[PDB]
Amino acid sequence: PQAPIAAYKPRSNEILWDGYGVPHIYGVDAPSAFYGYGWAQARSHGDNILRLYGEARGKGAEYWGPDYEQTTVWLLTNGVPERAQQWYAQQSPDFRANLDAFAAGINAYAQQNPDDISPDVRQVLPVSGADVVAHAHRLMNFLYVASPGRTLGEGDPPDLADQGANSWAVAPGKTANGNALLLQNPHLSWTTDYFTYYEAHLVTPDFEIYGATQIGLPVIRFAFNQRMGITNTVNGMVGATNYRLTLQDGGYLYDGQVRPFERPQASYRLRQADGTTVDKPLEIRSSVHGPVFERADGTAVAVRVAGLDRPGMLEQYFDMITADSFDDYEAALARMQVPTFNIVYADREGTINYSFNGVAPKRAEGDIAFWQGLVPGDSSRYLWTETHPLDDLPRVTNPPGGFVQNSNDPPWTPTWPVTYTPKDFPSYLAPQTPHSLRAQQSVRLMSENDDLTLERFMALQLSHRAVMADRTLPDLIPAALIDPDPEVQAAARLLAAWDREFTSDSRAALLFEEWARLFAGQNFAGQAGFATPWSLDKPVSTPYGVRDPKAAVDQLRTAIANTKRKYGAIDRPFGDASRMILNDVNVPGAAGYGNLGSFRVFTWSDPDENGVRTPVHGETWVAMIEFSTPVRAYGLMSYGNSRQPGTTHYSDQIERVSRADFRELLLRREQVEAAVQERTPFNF
């Protein structure tokens, strides 16, 4: 109807909650919607939001003791609580009012429902707009871009490190009905608090947004509406540098001169087991690069984070997701206030766009591997001061191929055919590393399909191909059949009969994973085992083959043992071992590891004593949107919409997830009114 449906114009403030605890927040103006949003978030996730906001204040240690102390030291040394005050002071008046409203929403819920807030996090109250800013700043710059694990060279815990996503946007020309399609599909921890997605709907007379965001964030990162929608995937935009300092004469050597550290003398409180606290002094040293950390091995490392002068992250996302046109979206994107992420855009006018987004330092020399390692901190040659504008970054708009995609692969095949190559960009922007089997599968699923309907688009999202099996079994099986061990022969035949799909009933899939663990490493990303290595000239059909079939058969022998150790048998049905268990809901699993090729992702834990494992990471918020008039959208949230103790909205979608039975996402007032179970009238 090339003119959108009449926008709903709310006349009172109310949250209409549906049966799954999805809040439909109707506000008479923007602060009202943000207030209801905070209120809703607090109701569904209050305890963890408070804890996180506590942490963002640099008060984790003070509130909860030694387990929170590393983050405290990290955030204080990096001046995060103070930077938050600054960024908060630096908001536009309008947006600050929204942030304040959001916080007031949280406080108000807590004030009206004090017994619903967990006793341990009551002390955090009240919260403020600055806390909201701090949390978002922590999340973006000091979890995503820089983290203490990386700076300390200890590595990040899985809670943080397991990050991924799928993203598809399909142009009209590639669809049946002529409307852009969009897949929102982030893959984060199912347990990590700051990575908990919350689904919501905000309606004012001026804007409408539907979708998911991490708890405690006041704006929706995976948002769509009647006009447009976006989705994100992590791109590991190298937005920070760790510098190895040479310590000398009480300072650090730099361009042959001894330079002084800048020193604040801070201190923080540390909660004791008995509930009292001790004051711990904290000296914060900064070189010209940034704050200085000392590794366990005694290396002095200065961490330099890009975009510390970018306070408009939350407002950028807000203006992006409420954009009236693609030009507006881009103008907002072009502010470079969002420090990281691939961002994919689709709208009802038919535009699709992929952007390798973030705040990337301009560097005179060095490739991406150089800039991800310890960079020498004794030379001004390595001190960047400038960042790339949007226009310097890999982007694709309405490509000839009619789609854009990203599955955390380097941005070198975001569409097919490609519209640029690695040499078109500085070598430090993105790795030129092999694309994962899931990423190759993403390109294939879009490129190879035409005349897409929403239903078909949704079916394709469910892909759970063992691509790794396609690349290896042709060589492994014949070689395994040579082996005299009848068990190895039996294993080979089990593997040969398998359709190479990670279905619940697959008796071969677990064994295969175990072999793959050895063949391609614990993360299934190793390349040394393949006969034909990955090539950007065959980006979706390499790597391929088994380089050393003898050794691979030895790996199968060990794998057979591992499978039996873990699962009690080499032929246990995949979905008997792989379970999705939330509260007392226990449903069969399907799909699996992305690195094995599964597009739909469940990163199955190690099994327990019964051989049972559950997703530690993977499908969380999944939504497919057709930009028809009106839009049509379906979605699910694996672990429900609430994690508050005792909620009925934690385990209430996982059964549907197991059957790929998506909910209709309800954006229209009439639909919302039809689905409403709870109403929270409010007044901001």
Side-chain angles (χ1 to χ4, degrees), residues 4-17 22-44 49 53 84 87-109 126-136 198-230 311-325 328-329 331-333 335 337-338 667-669 672 679-684:
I5 63 157
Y8 183 75
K9 289 163 184 295
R11 283 179 173 164
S12 68
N13 300 330
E14 67 188 332
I15 302 163
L16 309 196
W17 297 83
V22 180
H24 298 260
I25 299 124
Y26 294 89
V28 299
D29 53 16
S32 291
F34 278 81
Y35 175 97
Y37 198 20
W39 201 96
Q41 282 203 28
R43 187 190 174 192
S44 310
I49 291 171
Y53 279 21
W87 282 13
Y88 172 85
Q90 289 163 30
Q91 297 305 294
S92 64
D94 274 4
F95 201 74
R96 184 162 41 244
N98 296 333
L99 299 168
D100 291 339
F102 183 82
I106 295 165
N107 298 327
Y109 170 83
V127 302
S128 61
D131 290 326
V132 179
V133 172
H135 174 62
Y198 185 57
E199 174 181 0
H201 184 198
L202 282 80
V203 178
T204 71
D206 296 308
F207 68 84
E208 186 183 38
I209 57 197
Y210 193 103
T213 213
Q214 289 104 145
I215 62 169
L217 292 185
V219 308
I220 297 175
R221 278 180 71 238
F222 306 74
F224 67 95
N225 60 42
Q226 298 291 349
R227 197 204 74 77
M228 58 148 286
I230 66 162
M313 194 284 290
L314 291 171
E315 193 179 4
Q316 184 180 309
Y317 259 120
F318 186 68
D319 289 335
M320 275 162 68
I321 65 176
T322 57
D324 285 328
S325 70
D328 291 336
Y329 167 81
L333 180 53
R335 291 176 204 154
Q337 303 294 302
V338 172
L667 279 73
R668 308 187 307 270
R669 188 70 193 199
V672 176
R679 289 161 184 267
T680 314
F682 65 99
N683 192 215
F684 177 55

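Atoms considered below: every heavy atom in the structure, side chains included; atoms not considered: hydrogens, waters and symmetry mates. FYI, the numbering just counts along the sequence from 1.
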How many angstroms lie between CD in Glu315 and OG1 in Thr322, if you round to the nearest 0.5 Å? 9.0 Å
Is any side-chain heavy atom of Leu99 less than 4.5 Å from a side-chain heavy atom of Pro218? yes
Distance alone, cut at 3.5 Å: any donor-acceptor contact between the side chains of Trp17 and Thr680? yes
For side-chain contact (heavy atoms from CB on, under 4.5 Å), just list the numbers for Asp131 and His135, CA-CA rounded to whole Å, side-chain angles, deciding distance to a tenth of an Å, and then say yes or no. CA-CA 6 Å; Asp131 290 326; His135 174 62; over 6 Å; no
Which atom pair, heavy atoms only, marks the closest approach of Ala101 to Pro31? CB-O, 3.1 Å
What one should report as the nearest heavy-atom pair of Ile106 and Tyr53 is CD1-CE2, 3.9 Å
Sub-3.5 Å donor-acceptor pair from the side chain of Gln41 to the main-chain atoms of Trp39, do we have one? no
For the CG atom of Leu314 and the CG atom of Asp319, what is their distance to the nearest 0.5 Å? 11.0 Å
Polar side-chain atom of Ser32 near backbone of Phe684 as donor-acceptor pair, under 3.5 Å: no
Going from CD1 on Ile220 to CZ on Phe318, what distance comes out if it is rounded to the nearest 0.5 angstrom? 10.0 Å
Mind checking whether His24 and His201 have parallel, tilted or perpendicular rings, split at 30° and 60°? perpendicular
State, yes or no, whether a side-chain contact exists between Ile230 and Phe224 at a heavy-atom distance under 4.5 Å. no
Keeping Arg227 on the side-chain end and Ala323 on the backbone end, is there a donor-acceptor pair under 3.5 Å? yes
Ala108 versus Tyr35, closest heavy-atom pair with distance: CB-OH, 3.0 Å
Between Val338 and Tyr317, is a side-chain contact (heavy atoms from CB on, under 4.5 Å) present by the stated rule, with each step listed? CA-CA 8 Å; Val338 172; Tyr317 259 120; 3.8 Å; yes
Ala130 meets the side-chain contact (heavy atoms from CB on, under 4.5 Å) criterion, sequence neighbours left out, with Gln85, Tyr88, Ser128
Kindly write out the residues that satisfy side-chain hydrogen bond (donor to acceptor under 3.5 Å, both in side chains) with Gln226, not counting sequence neighbours, or none if the list is empty. none
Could you walk me through whether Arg668 and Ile5 satisfy the side-chain contact (heavy atoms from CB on, under 4.5 Å) test, starting with their C-alpha distance in whole Å, then the side-chain angles of each, then the deciding distance to 0.1 Å, before giving a yes or no? CA-CA 9 Å; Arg668 308 187 307 270; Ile5 63 157; 3.9 Å; yes
I'd like to check the salt bridge (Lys or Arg N to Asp or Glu O under 4.0 Å) partners of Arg669; sequence neighbours left out, ordered by chain and number. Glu14, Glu673
For the student: nearest non-hydrogen atoms of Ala42 and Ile49, plus distance: N-CD1, 4.4 Å
Mind checking the CG-CD1 spacing from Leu202 to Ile321? Nearest 0.5 Å is all I need. 8.5 Å
Evaluate the side-chain contact (heavy atoms from CB on, under 4.5 Å) criterion for residues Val127 and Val132: first the C-alpha distance (whole Å), next the side-chain angles of each, then the deciding distance (0.1 Å), finally the verdict. CA-CA 8 Å; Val127 302; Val132 179; 5.7 Å; no
Restricting to non-hydrogen atoms, name the atom on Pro10 and the atom on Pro205 that form the minimum distance, rounded to 0.1 Å. CD-N, 3.5 Å
Regarding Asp29 and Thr204, is there a side-chain donor-to-acceptor distance under 3.5 Å anywhere? no
Pair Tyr198, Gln214: side-chain N/O donor-acceptor within cut-off below 3.5 Å: no
Polar side-chain atom of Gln316 near backbone of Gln337 as donor-acceptor pair, under 3.5 Å: yes
Are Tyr26 and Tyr8 an aromatic pair by the rule of ring centers under 6.0 Å? yes
Atom pair CG (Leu667) and CD (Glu208), whose distance is rounded to the nearest 0.5 Å: 5.0 Å
Given 3.5 Å as the limit, does a donor-acceptor pair link the side chain of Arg96 with the main chain of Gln91, or not? yes
Which class fits the ring pair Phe102 and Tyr37: parallel under 30°, tilted 30 to 60°, perpendicular over 60°? perpendicular
Could you state the interatomic distance from CD1 (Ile25) to CZ (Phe34), rounded to the nearest 0.5 Å? 10.5 Å
